[PDB]
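As structure tokens, the structure follows; a few thoughts come after it.
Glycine gets a Cβ as well: all are built from the backbone with ideal geometry, and neighbour counts include every protein chain shown. Derivation of every value follows stated rules applied to the coordinates shown; laboratory data play no part.
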Amino acid sequence: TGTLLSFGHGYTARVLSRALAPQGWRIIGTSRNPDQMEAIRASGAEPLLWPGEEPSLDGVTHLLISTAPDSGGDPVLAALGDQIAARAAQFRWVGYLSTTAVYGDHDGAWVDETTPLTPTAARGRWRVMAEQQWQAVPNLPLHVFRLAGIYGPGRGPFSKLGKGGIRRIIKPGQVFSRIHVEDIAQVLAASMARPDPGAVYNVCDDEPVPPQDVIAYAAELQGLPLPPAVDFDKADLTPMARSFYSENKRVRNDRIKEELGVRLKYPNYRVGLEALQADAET
């Protein structure tokens, strides 16, 4: 096993830690929110408050980064880049969690890890910045994971039902990529097991899906009426909300399967949603 330091130990990293801790791993998780120390501890990690005191890198074998970038790029590298670079050779594995927003708009065409990066908004550009900063660190066993839209226990659509104020936004041709948090955990674990310094992996399921179909299926499962639909160009969305419907692509997930040996527990939103509703595994 080893010792993993997890910056911004949140929703995703906690599922990984709950799986690793029983296997003998030592996990250290940071948060900038003092009210999250409890949740981090419960996930099997030693809680650290950061910003604050500098987290120690002594005895750390694995690094995981869940921290979102800002206009300057990656906050972890901004505060600790010098130290991490100097200790590059002591790590066996470093994972940076990125997103699929790096690809930008492809009018629904398929993209893979070799596709050029052309983000169309600030968040996507900041992600590209962050990736590039990490990839520049000499001799770091870096792995980049471009995560699709995350869902899972506590982050599902069934809480969203029954209280009105829900609408299905219809943008013609629009699909979104999704990934179940358990499958992210699988990928991270698999990559830890088969390190490949410099590798980039798309982490998404098998079925790009119109967002309105997910909402519809959740309602169907719950025996509730199909929420009303509104045309995208009539929905009066805030700039942020609108920005999510300004890029359309389909993302290949072959690399995690063929290189890492991962087999998705939830290949699509329908099997994921059925399991979530039951609070079950299947």
Query raised in the report: Does anyone have the angle between helix 122-136 and the longest principal axis of the chain? Alpha-carbon axes, 0 to 90°, nearest 10?
Result: 30
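Is the shape of the chain rounded, prolate or oblate, going by the alpha carbon gyration tensor and its root eigenvalues a ≥ b ≥ c, with a/c under 1.5 for rounded and a/b larger than b/c for prolate? Walk me through the numbers on the way to the answer.
Working: a/c = 1.74, a/b = 1.48, b/c = 1.18.
In terms of gyration-tensor shape, prolate.
What is the packing order of peptides 217-227, 176-186, taking the mean over residues of other C-beta atoms within 10 Å and listing the highest first?
Values: 217-227: 14.6, 176-186: 23.1.
The peptides rank, most packed first, as 176-186, 217-227.
Using only helices, what value at 222 nm comes out for the chain when you add -39,500 (n - 2.57) per DSSP H run of length 4 or more and divide by the total residues, to the nearest 500 deg cm²/dmol?
Working: 9 runs with 88 residues, N = 282.
Helices in the chain give a 222 nm mean residue ellipticity of -9000 deg cm²/dmol.
Taking the mean number of other Cβ atoms within 10 Å as a proxy for protection, how do you rank 31-38, 187-194 from highest to lowest?
On the way: 31-38: 13.2, 187-194: 18.8.
The most tightly packed comes first, giving 187-194, 31-38.
Mind ordering 129-140, 266-277 by average Cβ neighbours within 10 Å, highest first?
The packing order, highest mean first, is 266-277, 129-140.
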Query - For residue 48, distant residues with modelled amide H under 5 Å away - result: 29, 30, 31
Requested in this report: Run the dipole for region 162-282 about the Cα centre, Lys and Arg Cβ at +1, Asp and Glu Cβ at -1, nothing else charged, and hand back the magnitude in debye, nearest 20.
Outcome: 280
Query raised in the report: Cα axis of helix 211-222 to longest principal axis of the chain: angle in degrees, 0 to 90, nearest 10?
Result: 80
Report summary line: Set 160/234; 163/257; 171/257, cut-off 28 Å on Cα-Cα distance; pairs above it are 163/257; 171/257
Report task. Can you tell me the dipole magnitude for the chain around its Cα centre, using point charges on the Cβ only (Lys, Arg +1; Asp, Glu -1), in Debye to the nearest 20? Result -> 260
Query raised in the report: Taking the Cα atoms only, what angle lies between the long axis of helix 75-86 and the longest principal axis of the chain, rounded to 10 degrees?
Result: 30
